[PDB]
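> This is the structure, below, for whatever I ask next.
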Amino acid sequence: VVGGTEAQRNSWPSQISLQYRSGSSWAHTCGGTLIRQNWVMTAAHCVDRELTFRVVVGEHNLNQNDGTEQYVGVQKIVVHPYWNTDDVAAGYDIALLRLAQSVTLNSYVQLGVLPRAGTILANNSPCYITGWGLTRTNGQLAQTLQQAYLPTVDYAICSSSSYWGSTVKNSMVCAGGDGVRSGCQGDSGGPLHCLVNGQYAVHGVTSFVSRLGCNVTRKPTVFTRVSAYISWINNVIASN
Ligand SMILES: O=CCCNCC(=O)O
Numbered sequence: 011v012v013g014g015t016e017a018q019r020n021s022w023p024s025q026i027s028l029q030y031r032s033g034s035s036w037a038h039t040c041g042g043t044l045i046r047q048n049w050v051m052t053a054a055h056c057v058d059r060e061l062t063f064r065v066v067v068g069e070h071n072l073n074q075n076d077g078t079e080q081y082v083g084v085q086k087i088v089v090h091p092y093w094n095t096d097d098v099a100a101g102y103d104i105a106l107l108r109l110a111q112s113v114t115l116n117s118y119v120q121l122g123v124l125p126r127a128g129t130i131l132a133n134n135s136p137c138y139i140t141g142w143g144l145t146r147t148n149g150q151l152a153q154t155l156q157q158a159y160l161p162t163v164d165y166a167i168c169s170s171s172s173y174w175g176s177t178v179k180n181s182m183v184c185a186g187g188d189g190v191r192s193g194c195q196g197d198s199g200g201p202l203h204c205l206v207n208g209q210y211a212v213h214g215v216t217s218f219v220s221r222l223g224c225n226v227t228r229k230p231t232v233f234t235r236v237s238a239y240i241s242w243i244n245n246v247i248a249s250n
């Protein structure tokens, strides 16, 4: 997250760190949202590579022991059948990860509230992106969980010429684009928490940013719209 502030330890308990094995250690690659005690919602591109993945819930600092973390392996990866690795712009950048063990719930580990099916936010709706992604374009990962206010940019404005054009689909949510705040590499798969009727709900799964940079004016961070996949999410959980 570029232009973010350090989130409070118990502000976003559904945020998880998706990590891969690298030698004798583990490295953060993406974010995710805990949706069931044994299920994590992330981006499909995050699991494109044939790496060994683990999920860390109750995580705040990646480099230090917070004394609140629970480490669990990934038992099954269910990517959306329509996902194409050669086309992130086509959408369907969503995947569900079944955890090997069911995580224990507390103030640092809670389930993410999902929006009702078909919910589209009005333009400039209040949202917050969270993650351990790069703090600057071509920078490094954040040590502590970062948050940034990213108001929504509706389909009409985001799919216009000066913005994203035909790249953005209606199955996506766009947020930010102020040139200071945005998602960045490593935030992918993570949540976009939006305030609807007093409650924060995970309306987006971080998908992509501009190739020219993360915090680029008129190039808001693009997320997979969670409300377009409620039936899919429920069908996967019910069959597995
Ligand atoms: O697009 C999201 C940030 C980059 N994700 C790369 C990855 O970890 O797969």
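Sequential numbering from 11 applies to the sequence shown in mature numbering (1 follows the signal peptide of the UniProt record, and there is no 0). A virtual CB, placed ideally from N, CA and C, is assigned to each residue, including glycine.
#1: Is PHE218 a contact residue of ligand 1, with contact defined as CB to any heavy atom under 6 Å?
#2: Which ranges would you report for the alpha helix (DSSP H) in the stretch 163-197 if only whole runs of at least 4 residues count?
#3: Since I believe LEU44 is in contact with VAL11 (beta carbons under 8 Å), could you give me their beta-carbon distance rounded to a whole number of angstroms?
#4: What separation, rounded to the nearest whole angstrom, lies between the Cα atoms of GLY187 and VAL226?
#5: Mark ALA110 as exposed unless 16 or more other C-beta atoms lie within 10 angstroms of its C-beta, in which case mark it buried.
#6: In three-state terms, what does DSSP make of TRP242?
#7: Relative to ligand 3, is the shortest distance from any of its heavy atoms to the C-beta of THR39 smaller than 6 Å?
#8: Go ahead and pull the three-state DSSP assignment for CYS40.
#9: Am I right that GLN25 and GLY41 are in contact with their C-beta atoms under 8 Å? What's the rounded C-beta distance?
#10: Which residue comes first and which comes last in the beta strand (DSSP E) that contains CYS204?
#11: Could you check the C-alpha separation between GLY128 and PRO230 for me, to the nearest Å?
Checking against the coordinates, here is how it stands:
#1: yes
#2: 165-168
#3: No, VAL11 and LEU44 are not in contact; Cβ-Cβ is about 19 Å, not under 8 Å.
#4: 6 Å
#5: exposed
#6: helix
#7: For ligand 3, the structure offers nothing, since it holds only ligand 1.
#8: strand
#9: 6 Å
#10: 201-206
#11: 21 Å
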